[PDB]
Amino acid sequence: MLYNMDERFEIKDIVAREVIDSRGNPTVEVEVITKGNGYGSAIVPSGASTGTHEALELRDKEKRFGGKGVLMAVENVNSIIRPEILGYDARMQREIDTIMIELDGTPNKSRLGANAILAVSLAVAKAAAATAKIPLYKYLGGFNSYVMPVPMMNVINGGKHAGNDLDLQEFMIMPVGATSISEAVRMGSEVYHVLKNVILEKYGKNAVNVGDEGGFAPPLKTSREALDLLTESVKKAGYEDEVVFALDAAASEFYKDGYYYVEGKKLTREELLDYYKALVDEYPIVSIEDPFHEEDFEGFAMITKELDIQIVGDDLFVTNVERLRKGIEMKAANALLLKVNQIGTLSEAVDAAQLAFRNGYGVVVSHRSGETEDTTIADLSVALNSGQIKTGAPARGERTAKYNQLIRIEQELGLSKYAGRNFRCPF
């Protein structure tokens, strides 16, 4: 319709640059401005430049920055993508994402880089929203974007790079009993601080430094020890009835040649499944991410059918539609861990979220280990009314920036709804 034509949404300029993430590694930032002076800026988190199914970032692999520079991806934005979308209607998100996908030419965006493409994709959306003068989450998800997500906070770290002897990767708290995102953030922070002091008093002043996501790595060796510590902290914080637990097993990490090595024992899939069953019977664990290795679709289906909780597929799906579709057909897992930079564009990410949603799956909007001060996933979680977000412990700016943005969004909304106990389907 000609009445919708508006020169103000035409992209006037686009600029990309190399900045650093929360771990000191390079990453891409892109700025976009329209003729109507609508400004958008986005920074993508770090991802993978090598992988079997996810979209791949383009890394320079030169001497500088340990071979992790992104000058090539930046140049791709400034010299290759830019001329193809200058003057384009910023509102045509899917068309712009498609132009980039086709320009790259490869299924996994390995030529121009998933980091270059996603940075532009996010910046364009922000610039269009700014030009329309519609809050970002409203522009992304329509007028009916109002559900604040329950945050899954990784406060106790495990795995081979945590420092301790814990096999499971993430032990998280979820303030499902809070009545607002503001309260949820406070409960999380208070529990985090009680936990810090419990660890300090019990393990010493040398045991409270933090991991990449802000969580602690106390000297524990069993899941029950970690869960007992969380329980102790939650109880002492005073939120026993409002906080539940979520786990990210990242089982592929302790799986090898047919067996899972947990707490000094070699377990078969069935044995690990009973291991999980016991934990769920002993603690308020409402969600388990990657209970089995990244290719065990059958295993995922088994635990999804046997347990009555949320089973999140992370490495199992790597935000890949084809793998998600296979999971849905097999009833493998009942939730998708959504990592926007694993797929490459906003259009694709939302399409993936919709496929999950429409087949009864929950969607967990997720951060990456290497994050930035960019807070797009906060707006995205509200735009999708996902009901849940995973963006770190309530510490470290690349994590707290999201929590603050969630707080701002909640205040900006006249009437909002905190997903709470209905985090899977907040409707």
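Position 1 is the first residue in the sequence shown; the rest follow in order.
Just going by the entry, 275-283 versus 140-148 on mean CA temperature factor gives the higher value to 275-283. For the pair 199-207 and 236-244, the record assigns the higher mean C-alpha temperature factor to 199-207. Residues shown: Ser110, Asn115, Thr131, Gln354. Highest C-alpha temperature factor in the entry: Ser110. Which of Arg396, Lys390, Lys402, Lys61 has the largest Cα B-factor in the deposited entry comes down to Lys61.
Ranked by Cα temperature factor within the chain, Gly36 sits in the middle third according to the deposited record. In the PDB entry, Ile181 places in the lowest third of its chain by CA B-factor. Annotation for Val77: CA B-factor lies in the lowest third of the chain's modelled residues.
Per-chain ranking of the deposited C-alpha B factor places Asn359 in the middle third. In this PDB entry, the Cα temperature factor of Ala217 sits in the top third of its chain's modelled residues, the highest group.
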